[PDB]
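>>> missing the sequence, but the structure's below:
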């Protein structure tokens, strides 16, 4: 006699993401060597961590600038990988293919002004719960924030913290909801000296614990 | 050559309750931690044992009361999880999903009267075999019974014993038959003193050896 | 036993009190993981459907038991009878994604498709009742197991795997008019 | 952290700086081999077809990720829905060979054919962009995984096995008009 | 012995008709620091103290099933309430004391329960409210109920503006009875203390 088997209903169909392998038909193929080929990356986030890309502000400029020396809200944007200001970044490029994330997102600020121009800036993380963002450094001071001088070192990095009710947040956005909008980031200029035409270039990268979760194919094809 | 197999007729179909698992298609998913989340229950009967729920008497009251100080049958009900008086209890809620049971069912009596009101009650288990239940404490005394005073302690618990010919009883009822009606429980007031408007709240829970047997889906859907 | 009822401390009296003897109990059937581990129907279907265990019938074996808990967690298995190919996307995905093969897509194979899916919500556990809003009654939109889409979805069956229930809630039997018992036709041999 | 931005040395500041605490990260999903390991469609088909991963959609999960690298290497799996028998020939073979059974030929068996193919190019790695010519814009003709031929090819799916990517390149999300966010319908329970 | 003194911060409550304390669903608190707050949460002990609310007047007319509820947190005019306005996220448990003073010559019985995720109960579901953490207040025995519950929900931290996990519920089980010597009605009051108060996500000032 032979082995009895029950060909089971509901099993067997092809699933584009299944964990099995096909049957081979052309054996004994040896490839040209590619040992130590340069620039290899094995995880998208290793790249997203080390290579910050630029934010997009008014008229598509990767920077902000103000002609007045008074306090001003230079820019505000939503803490969403779906944000308009993030739309040209590599981080957002990667994130559109995952349903959820959690973790630190790092902002980088680089001053490009002349030796004779000085400024003092502030960056704040405004969590959800307030109707609109603070329009002044005074009101925003009560939030998690950092202030800095322009000097010998042109770059300043700040971590936007992951603070939410759920353990993960959606990468996409839909309408003002708790799972898809995690507050705002506000960048202010406290004041400046002779920096009317000088700019602050802003870029973003992934933090030490930034994480993307569930693979998706949502682009219109 | 390859392995010969006999795809067997009568096997393979899907059975809603089969003991196998489907084939996976989306791997590597790590969940948010939920260690030590509170109020977990792993067996329905752990809950049914610790949380008694109320019986339902005339006009849907979870209690009985009498205005006369004489002996009276305050209430009688069928020892059936299908009984009218049990219809709002959690025990009956659970039992409707199992074909059979066996074991102890516990009744709880709580006196709510004022300090100046006293009473003496009796509870009896009348097994099947008599045409109708005893209408007086005297006649019911010959059964398995308990009597008690109202005092410092407001609650009294009594176990309705499982006594039947078969080892299991049906949870549902059909018509007077040996497998679906296991007698009555009769609650009497022997007498009372100034307890005309005072009540005896009754609730029920599962006993140490209460057991429910065969899973069913009998509700109209 | 006599106890102070008001405290609400559990009291489990025994047959021994009046000379009886307690009898050994086997409770495998009432075990939560076991009892929830079976296929149950979902009634309101559409070619695009979001998997929501609250779609289970309120008086069904699983439907009612699930409702009798406040919080729960579990993995899942589904059986779908569909025309065309079936695509599933995880919790949080744009509805637009159901149109693409890159997401788990199962090519039609009679008589239907049976799949094993992981819990994908962003919460540590889910709820059957939620007193409040998720937007800046119904349950929050994030309480789901993803969505499926095919040309036509004729049948859906769901099965809860590794189920965990917390915080039990009321569970009801049918109400009884008679005042003695609820009677119904129990199966019995013909003739 | 404050640093000299011009050098371009990587700077990864942390929540700790202002009293926070870094949280454990699992990145299996973003892993290159894993994320590329899934079936994706090829749209422009003909009864005689040369396998060219650049035929993948530019905004598809695999298509876009592949484009976001300069050089790559991988083995392959294909799923073909065809009429008649399917013949495959390796990189470098004369088109005329697709007519002969001596080459790997799969006899029709519903609903389709799934095969495992080896990388067969004469180069150590392939490219998604090539600045120059291969003849004595498009990519050199040698950047392919062989060719397939049947009477009619209705569907083709490709799957990258053992993928290795090098030299990353720009990867874009959809552009946003609103100036606040890109909003779209995220899946949510009916009713 | 039936004498109990409860302390929360710089506030105390002593009762000589105590039936003990009932712990619901747990005797402790899950990690108050998880990945969702990235270590930025902090504890505010100045909010962990008693505040008061009148629940209702228990009168003879109110029949079985009569139900009164108080969703928590409620409007708090103190430190705890300011927290709700100053921080995007919070979490805390509850130490609840409910009193119903009449005299020993009154009869009747109230059910005091703490319910997670409130939703209106049907008349039949009321026969099962004992599935929730509870105690009873019956004049012949006690004037006080005392329940202690931990924080819970699908989220490790909450936005109380938008969600109220716990709801205090008082239900008449057997109507108040009165005689020549008893009280006529009984006013029921709650004495509540938030426990293990943690906040995260400081908000900007409104001006």
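Noted; the coordinates are in hand. Numbering: from 1, shown residues only, chains lettered A, B, ... in the order given.

>>> Do stretch E:142-149 and chain B come into contact?
No - in terms of CB under 8 Å from any CB of the partner chain, no part of stretch E:142-149 sits within range of chain B; the closest distance is 8.6 Å. Yep, even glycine has a C-beta here, placed from its N, CA and C like the rest.

>>> How far does that stretch sit from its chain's centre?
9 Å (CA atoms, centre = their mean, to the nearest Å).

>>> For residue C:151, list the residues it contacts.
Counting by CB atoms under 8 Å, 6 or more residues apart in numbering or on different chains, residue C:151 touches C:47, C:82-84.

>>> one more time with 6 Å
Residue C:151 sits next to C:83-84 when contact means CB atoms under 6 Å, 6 or more residues apart in numbering or on different chains.

>>> Against chain D, how distant is it?
16 Å (CB to the nearest CB, to the nearest Å).

>>> what sits against the residue nearest the centre of chain A?
Nearest to the mean C-alpha position of chain A, counting by CA atoms, centre = their mean, stands residue A:91 at 4.4 Å. Contacts of residue A:91 were listed using CB under 6 Å, 6+ apart, and they are A:48, A:204, A:206.

>>> quick one: which of the residues you listed is most hemmed in?
residue A:206 (30 neighbours; other CB atoms under 10 Å in any protein chain shown).

>>> hey, what's that residue bridged with?
residue A:105 (DSSP bridges).

>>> What is the neighbour count of residue E:169?
Neighbour tally, residue E:169, other CB under 10 Å: 22.

>>> any idea which helix or strand comes after the host helix or strand of it?
For residue E:169, the host element (DSSP states H and E) is strand E:166-177. Downstream of strand E:166-177, the first helix or strand assigned by DSSP H and E is strand E:186-202.

>>> which parts of that next one are buried?
E:186, E:188, E:190-202 (16 or more other CB atoms under 10 Å in any protein chain shown).

>>> close to chain D, is it?
No - between strand E:186-202 and chain D, judged by CB under 6 Å from any CB of the partner chain, nothing touches; the nearest distance is 10.0 Å.

>>> Hey, what's the angle from that strand to strand E:166-177? Just curious.
Angle of strand E:186-202 versus strand E:166-177, following axes from the mean of the first three to the mean of the last three CA atoms, to 10 degrees, is 180 degrees.

>>> Which strands and helices lie in contact with strand E:186-202?
With contacts taken as 3 or more CB pairs under 6 Å, 6 or more residues apart in numbering or on different chains; DSSP states H and E, strand E:186-202 sits against strand E:51-58, strand E:87-100.

>>> Provide the strand pairings for that strand, with the direction of each partner.
strand E:42-43 (antiparallel), strand E:51-58 (antiparallel), strand E:87-100 (antiparallel).

>>> Could you tell me how many residues sit around the residue in chain C positioned nearest to chain E?
Residue nearest to chain E within chain C (CB to the nearest CB): residue C:132, separated by 3.1 Å. Other residues near residue C:132 come to 18 when the count uses other CB under 10 Å.

>>> isn't residue C:143 right next to residue C:128, touching?
No - between residue C:143 and residue C:128 there is no contact under CB atoms under 6 Å: 8.8 Å.

>>> still on that earlier bit, just put the strands paired with strand E:186-202 in a markdown table and tack on mean neighbour count.
Shown next, in a markdown table, are the strands paired with strand E:186-202 (neighbours: other CB atoms under 10 Å in any protein chain shown):
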| stretch | mean neighbour count |
| --- | --- |
| strand E:42-43 | 14 |
| strand E:51-58 | 16 |
| strand E:87-100 | 24 |
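
>>> does chain B sit close to the top helix by length along chain C?
The residue-count maximum for a helix in chain C (DSSP state H) belongs to helix C:61-67. Yes - counting by CB under 6 Å from any CB, chain B is contacted by helix C:61-67 at residue C:61.

>>> Tell me which strands the helix or strand just after that helix pairs with, and in which orientation.
Where DSSP H and E defines the elements, the next helix or strand beyond helix C:61-67 is strand C:69-83. Strands that pair with strand C:69-83, judged by DSSP bridges, come out as strand C:113-117 (antiparallel), strand C:126-127 (antiparallel), strand C:152-168 (antiparallel).

>>> residues in contact with the second one?
Read that as strand C:126-127. C:71-72, C:143, E:117, E:154.

>>> and which of the residues you listed is nearest to residue E:41?
For these, the residue nearest residue E:41 by CB to CB is residue E:154; the value is 17.8 Å.

>>> So what does the closest one look like in phi/psi?
The phi/psi pair for residue E:154 (degrees, to the nearest 10) reads phi -70, psi -20.

>>> So it is in contact with residue C:123, correct?
Yes - taking contacts as CB under 6 Å, residue E:154 lies within contact range of residue C:123: 4.0 Å.

>>> In terms of neighbours, single out the busier of these two.
Neighbour count, other CB under 10 Å: between residue E:154 and residue C:123, residue E:154 has more, with 29 against 25.

>>> how much space between that one and residue D:127?
48 Å (CB to CB, to the nearest Å).

>>> And whatever residue of chain E ends up closest to chain D, how far from chain A?
For chain E, the nearest residue to chain D under the criterion CB to the nearest CB is residue E:39, separated by 2.6 Å. Separation of residue E:39 from chain A (CB to the nearest CB): 9 Å.

>>> What is the neighbour count of that residue?
By the measure other CB under 10 Å, the count of residues near residue E:39 is 19.

>>> Assign a three-state SS to it, would you?
coil (DSSP: H, G, I helix; E, B strand; the rest coil).

>>> one step back: wait, is the residue nearest to the centre of chain A part of a helix?
Yes - under three-state DSSP, residue A:91 sits within a helix.

>>> For residue A:97, see how far away it is.
For residue A:91, the distance to residue A:97 - CB to CB - is 12 Å.

>>> before we move on, what about residue A:210?
Taken as CB to CB, the span from residue A:210 to residue A:97 is 15 Å.

>>> Just say helix, strand or coil for the residue nearest to residue E:81 when sequence neighbours are not counted.
Leaving aside its chain neighbours, residue E:81 sits nearest to residue E:75 (6.8 Å; criterion: CB to CB, 6 or more residues apart in numbering or on different chains). The local conformation at residue E:75, judged by three-state DSSP, is coil.
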